[PDB]
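Notes to accompany the following structure.
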Amino acid sequence: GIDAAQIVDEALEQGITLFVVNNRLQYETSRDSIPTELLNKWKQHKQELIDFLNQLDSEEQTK
């Protein structure tokens, strides 16, 4: 399977901050030539990441 935490760790290493705004997966980074392989991964497990970022700050949106 895939670990939302694992995706956020690798993303941060490249300088990419993951988070959810209004139940929407969004990221903020300053640079160019982003890792497409990682980009698609975000959308691939969007729902998986959202639940992670949501329960990471809210820890009350369990499913």
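Identifiers for the structure tokens are assigned positionally: chains receive A, B, ... in sequence, residues are indexed from 1 per chain, and ligands are indexed from 1 in the order shown.
All residues in chain A with a DSSP state of strand (DSSP E), computed from the backbone, read residues 16, 17, 18, 19, 20, 25, 26, 27, 28 and 29 of chain A.
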Could you write out that same residue set with C-alpha atoms as a JSON list (two decimals), in the first residue's frame?
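Output saved as out39.json:
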[["chain", "number", "residue", "atom", "x", "y", "z"],
["A", 16, "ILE", "CA", 7.32, 20.97, -0.86],
["A", 17, "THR", "CA", 4.82, 21.65, 1.92],
["A", 18, "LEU", "CA", 1.66, 19.54, 1.89],
["A", 19, "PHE", "CA", -1.65, 20.54, 3.48],
["A", 20, "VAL", "CA", -5.44, 20.57, 3.08],
["A", 25, "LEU", "CA", -5.31, 18.86, -1.00],
["A", 26, "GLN", "CA", -2.92, 21.73, -1.73],
["A", 27, "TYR", "CA", 0.85, 22.24, -1.66],
["A", 28, "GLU", "CA", 3.17, 25.26, -1.54],
["A", 29, "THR", "CA", 6.74, 25.24, -2.84]]
For this session: With a distance cut-off of 12 Å and only C-alpha atoms, select the neighbouring residues of residue 32 of chain A, excluding the residue or stretch itself and same-chain residues fewer than 4 positions from it, and output the selection as a ChimeraX atom specification.
Result: /A:14-16,36
Could you save those same residues with N, CA, C and O atoms as a tab-separated table (two decimals), in the first residue's frame?
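Ended up saving to part-v4.tsv:
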chain	number	residue	atom	x	y	z
A	14	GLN	N	12.14	17.77	-0.72
A	14	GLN	CA	12.37	18.53	-1.95
A	14	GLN	C	11.98	19.99	-1.77
A	14	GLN	O	12.17	20.81	-2.67
A	15	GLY	N	11.42	20.31	-0.60
A	15	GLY	CA	11.01	21.68	-0.33
A	15	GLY	C	9.55	21.92	-0.66
A	15	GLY	O	9.16	23.04	-0.99
A	16	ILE	N	8.74	20.87	-0.57
A	16	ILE	CA	7.32	20.97	-0.86
A	16	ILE	C	6.48	20.74	0.39
A	16	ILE	O	6.57	19.69	1.02
A	36	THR	N	8.00	15.09	-11.24
A	36	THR	CA	6.72	14.63	-11.77
A	36	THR	C	6.29	13.33	-11.10
A	36	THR	O	5.12	13.16	-10.76
Problem set entry | Length of the atom CA of residue 45 of chain A to atom CA of residue 7 of chain A vector [Å] |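 If I compute the distance from atom CA of residue 45 of chain A to atom CA of residue 7 of chain A, I get 9.2 Å.
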Problem set entry | Close residues, residue 3 of chain A itself excluded, 9 Å, only C-alpha atoms, min 3 positions apart in chain, as JSON, numbers by chain | {"A": [6, 7, 8, 48, 49]}
Problem set entry | From A:59, A:10, A:30, A:2, residue lying nearest residue 47 of chain A [only C-alpha atoms] | A:2
